[PDB]
């Protein structure tokens, strides 16, 4: 439940029974033979795992420093690492005898991944999405509708991701006998931060076997962008006990930390309690969630998962920021140099990796988690770049 002092189940009594039922169900099925056979089967045949580990030779030789490897989660079905968590939880839901999935979404990518997994498993899917986000993400909403899901606009509060989460939680109180609430990052009340991290750990376990194969040793640095923190946890977690391996999470620096338009919860936020968890959040002086910004829509959650707050506190991982402008340059650079169009979220990790590689030697090794592909972002980049 806790990662040091972070985490918890900060919820109404009305949620304690669904959550206890979830943890009981998860404890049973996490190591169940049939559950893991079925999970691996869908990950392999439907999602396309394992994803490759790619040596960005041209990018590496251009910068002239450490070897830059990319964990290619951009090749997973759907175009983002989120699918690993969507399948895991949707199948867990099915094993629990649930016939409906609900989920929050802001950028729309979790909604699409949930919709995909619900379609795969023949479940009804209802997606809660703040009206501001429904407006900004027409194409992802359309994907969700194509995949058979209902998108429910959320008109309360700030009409955004934080409000979608709260409305989903209210649905779940009424409907948990037949509904599973599929949370999209390593956030929320226990047992979600653990479950989502466990379902994403496949990334780091594959990456570990692949770097040992390609290079004969562990990497010096693993770099991943941090929205809520699931892609980063997925790749960090199997290396947590490898003391040589440096872990770096990259948050959205937006227009710059001094501008106030960013979403760097760990670098600039403070401890708080929202959405059932004690963690770091960006808050106004009255202790309410403040507006956030990033060019990458998957990085604009005002909080971060408790397990990252923990890793930062104990100094196991370093957390840094990259600006909109730096992300955007790395988006173009990776496209031109390696023929891979990254997600704007992932481009943050690429931008930082490029800076870090320059100060390191040519025998040292960086793995960047390329969390997604950039097709979803082409409308944004066309407007802001040209």
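Take the two forms, superpose them, and find the largest set of C-alpha atoms that agree within 1.5 Å; that set is the rigid core. Positions refer to the first chain, counted from 1.
Enquirer: Given a rigid core fit, name the stretch, 154-162 or 112-120, whose C-alphas are on average farther from the form shown here in 4 other deposited structures of this protein.
Expert: Most displaced of the pair in 4 other deposited structures of this protein: 154-162.
Enquirer: Root mean square C-alpha distance from this form after a core fit in 4 other deposited structures of this protein: higher for 164-172 or for 186-194?
Expert: Stretch with the larger root mean square C-alpha distance in 4 other deposited structures of this protein: 164-172.
Enquirer: Going by the mean C-alpha B-factor recorded in the entry, which is higher: 24-32 or 37-45?
Expert: Here the higher of the two C-alpha B-factor means belongs to 24-32.
Enquirer: Determine, for stretches 92-100 and 108-116, which one has the higher mean CA B-factor as deposited.
Expert: The recorded data point to 92-100.
Enquirer: Specify which of 192, 237, 199, 176 carries the largest Cα B factor in the deposited PDB entry.
Expert: Max CA B-factor in the entry, restricted to 192, 237, 199, 176: 176.
Enquirer: Out of 279, 294, 185, 283, which residue has the highest Cα temperature factor in the PDB record?
Expert: Of the options given, 283 has the highest CA B-factor in the PDB entry.
Enquirer: Going by the CA temperature factor in the PDB record, which third of the chain does residue 354 belong to: lowest, middle or highest?
Expert: Within its chain, residue 354 is a middle-third residue by C-alpha B-factor, going by the deposited values.
Enquirer: Hey, what third does residue 205 fall into on Cα B-factor, ranked over its chain?
Expert: Middle third - that is where residue 205 ends up once the chain's C-alpha B-factors are sorted.
Enquirer: Looking at the C-alpha B-factor of residue 217, is it in the lowest, middle or highest third of its chain?
Expert: According to the entry, residue 217 has a C-alpha B-factor in the chain's highest third.
Enquirer: Compared with the other modelled residues in the chain, in which third is the CA B-factor of residue 335?
Expert: Its C-alpha B-factor, which the entry lists for residue 335, ranks in the lowest third among residues of this chain.
Enquirer: Against its chain's modelled residues, does residue 370's Cα B factor rank lowest, middle or highest third?
Expert: Lowest third - that is where residue 370 ends up once the chain's C-alpha B-factors are sorted.
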